[PDB]
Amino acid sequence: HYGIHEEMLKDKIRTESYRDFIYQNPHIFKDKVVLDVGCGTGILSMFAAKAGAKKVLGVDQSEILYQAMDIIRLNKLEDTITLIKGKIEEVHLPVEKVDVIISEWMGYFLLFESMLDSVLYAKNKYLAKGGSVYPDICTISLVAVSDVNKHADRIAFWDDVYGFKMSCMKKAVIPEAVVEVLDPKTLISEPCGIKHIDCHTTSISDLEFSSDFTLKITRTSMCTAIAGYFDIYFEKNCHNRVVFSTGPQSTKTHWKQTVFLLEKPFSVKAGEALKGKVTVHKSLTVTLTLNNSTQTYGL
């Protein structure tokens, strides 16, 4: 329980990105009313207070909120930061509107078990006209993978299990998306963006989407999986823009990467433009069409 919060705090890419955004753009926070959606320990609320926020409201539905109360007091910030326990759609705030919303809401593959729905609710109910939401821009990308040894470990493995056939288990493991840090040497295409979200204009219905994609193959090889990741941007009104990626060419984060195993690996050639389609539906499911096969995956 508390160990999870510890893990997110120790994710430097995640936490230092938010810290850098806030501290390097204090003009965004100076004398502003800030709402921190799903505040956890309160760390983002304290960053905002340090950057000069007039008032910060930290909301969380979990028992961690009681720790946050004690944390805020230990740091002598109780006159700036007010904490409220509950869902953002149910709680009563002591203001009508806020100037800025900040939140670390992101799930695996951006949208699995994410709090984006609550952030958008907060944006629609509470954001002042001309206010801002951060991080403001997110993208999701796909990339092709060749890893014949790992595929054999997950799939061919079932053909002989201590002397017994277990082939039918292949059908059970294929639909399970995997969250894992990938060796960047196993990537065999350029990444392809499949989704762009601006939190200022995105609605809840935009989170169910379809995209035709094209993977520019960079290595002649057997394609055994498709991997997904996301990038997070702090852009609007920033003098110091901040970006981080959760892809395999970047420093690992707790989001790792998301892997969709192909039931039937197929050969590709460098220079090939590999076309497919992806759809994300509400727990989320991901439907992939590639090489004339379709499979739906879940996390």
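Between two forms, the rigid core is defined as the largest C-alpha subset superposing within 1.5 Å. Residues carry their position along the shown sequence, with the first being 1.
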With the rigid core as the fit anchor, does 130-138 or 164-172 show bigger C-alpha shifts in 6 other deposited structures of this protein?
164-172
Of the two stretches 94-102 and 110-118, CA positions deviate more in 6 other deposited structures of this protein after rigid core alignment for 110-118
As recorded in the PDB entry, how many deposited residues are without coordinates between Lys282 and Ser283: none, 1 to 3, 4 to 9, or 10 or more?
4 to 9
Higher mean Cα B-factor in the deposited model: 61-69 or 229-237?
61-69
In the PDB record, does 288-296 or 1-9 carry the higher mean Cα temperature factor?
1-9
Among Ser211, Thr139, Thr224, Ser103, highest Cα B-factor in the entry goes to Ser211
Most elevated Cα B-factor in the entry, residues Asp147, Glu180, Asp79, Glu176
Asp79
Thinking about Cα B factors across the chain, which third does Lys264 belong to?
middle
So, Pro135's CA B-factor, relative to its chain, sits in which third? The lowest
Could you tell me which third, lowest, middle or highest, the C-alpha B-factor of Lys256 occupies within its chain?
lowest
Quick one: classify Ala273 as lowest, middle or highest third of the chain based on its Cα B-factor.
highest
Looking at the entry's B-factor column for C-alpha atoms only, identify whether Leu74 ranks in the lowest, middle or highest third of its chain.
middle
